[PDB]
Structure formats: C-alpha cells, structure tokens
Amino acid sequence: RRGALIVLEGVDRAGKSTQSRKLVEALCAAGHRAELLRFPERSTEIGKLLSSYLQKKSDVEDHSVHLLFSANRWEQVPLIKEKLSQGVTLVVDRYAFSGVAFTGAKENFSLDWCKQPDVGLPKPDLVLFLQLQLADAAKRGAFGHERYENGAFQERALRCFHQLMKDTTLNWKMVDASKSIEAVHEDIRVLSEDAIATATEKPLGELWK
C-alpha cells in the first residue's frame, strides 16, 4: 500500500515549514509512517551551490540556477519512489511549483520553459497552497538578507502560482494560512488523512505529463 506524496506550497512567511513539521509529527502520532523532505535540499553538492546563491554569497546565471533547482529535485527521485513504494507518506516543504513560480517571476522567462525540467517528476497526490495576504506575512517578521525576499518580487511569484493552479491535472487545495498555527494545522491534517487513504489507490503519477 503506497504512501502519499504531499506538497506544501505558499506565500512568504505563509507557514510552510512550520506546518510541514507539524503534519509529519501528527501523522506519525496517529500511526502512519510519514517523513519530511524539503526543497531545496541544501545538503548535496548541488544544494550547497543553491544555498550560497540564496544567501547572496554567490551569483549564478538565471537559467543555470533554475536548472540546478530542478536537478536538486531529480537527485532525490530514487529516494522518493523507494519511500512511497514502502508505504511511507512524504510531506514536502516546497517542490517544482516554487521552482516555476520564482524563476517565472523574472523577466523573459516563460512559464512553459520554466516547467520543462521538472516534467516527469513524481506527481504529488495533494498540493496544499497556504494563502495569506503578502501583507499579513509582514506582521510575521521582516524581509531578510536572502534572495527574492522583497515585496515586488514575491508579488510576481504569487501571480505565477495562480497560473499553475489552473492546472486541473493536479489536486490543489487552498488553505487559509491566516489562522492560528494550530487551526491551520488541523485543516491541513484532515486534508492529508483523506489524501493518504483515497489518493493512494492509484499509481504514483508523473508531473506535467
């Protein structure tokens, strides 16, 4: 009985990492086998290049960095497929959607070109999108020193996310991330239990194909 592939995506300071951690904890306490993954995965050779770029410690050509972000997901595909086949549900903090939305926010990057490298990746059974006013996310700390952490760029990434949500091949679920940490968690937990049950009776799909 395969595990479910659950991805959390969302607006800045929307709570993806907090909710991903809480979801895995709750699923395991309820007897499921579930594990947390995140992208970028900064531990690999590619992940270190990506981490240096995001910290502004290095500059990387825009197309090259886009392809490194995608390669960073492909290097984990053998692990992802093994875990799912063993019945482990995977909760993933960011995935290909962030890859497309962040590069697609730059000038002269079509959504089509941005999607291609990730075509064929394991298809999530559930994609949660944590919605929050780009401004309520402001009440939640302040813009940092990391790349892409400015309002005008976040707004362009958000528009790209809305274009990706029109894709009916994917099980997109909107989450109201303006609520308390525990209320948002309960909303995500119930959607997740349903996906683990139901969404899993079919074979793991391929993204964007």
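Note that the rigid core is defined as the largest set of C-alphas that superpose within 1.5 Å between two forms. All residue numbers are counted from 1 along the displayed sequence.
Using the rigid core as the fitting frame, the root mean square C-alpha deviation in 5 other deposited structures of this protein is greater for 137-145 than for the other of 137-145 and 49-57. Choosing between 84-92 and 127-135, the greater Cα displacement from the shown form in 5 other deposited structures of this protein, fitted by the core, goes with 127-135. For the segment pair 162-170 and 141-149, the entry gives 141-149 the higher mean B-factor, averaged over Cα atoms. Higher mean CA temperature factor between 69-77 and 82-90: 82-90, per the PDB entry. The PDB entry gives the largest Cα B-factor of the residues 35, 41, 182, 155 to 155. Per the deposited record, the Cα B-factor of residue 16 falls in the middle third when ranked against the other modelled residues of its chain. In this PDB entry, residue 134 carries a Cα temperature factor that places it within the highest third of its chain's modelled residues.
The entry lists a Cα temperature factor for residue 197 that places it in the highest third of the chain's modelled residues. The entry lists a Cα temperature factor for residue 113 that places it in the middle third of the chain's modelled residues.
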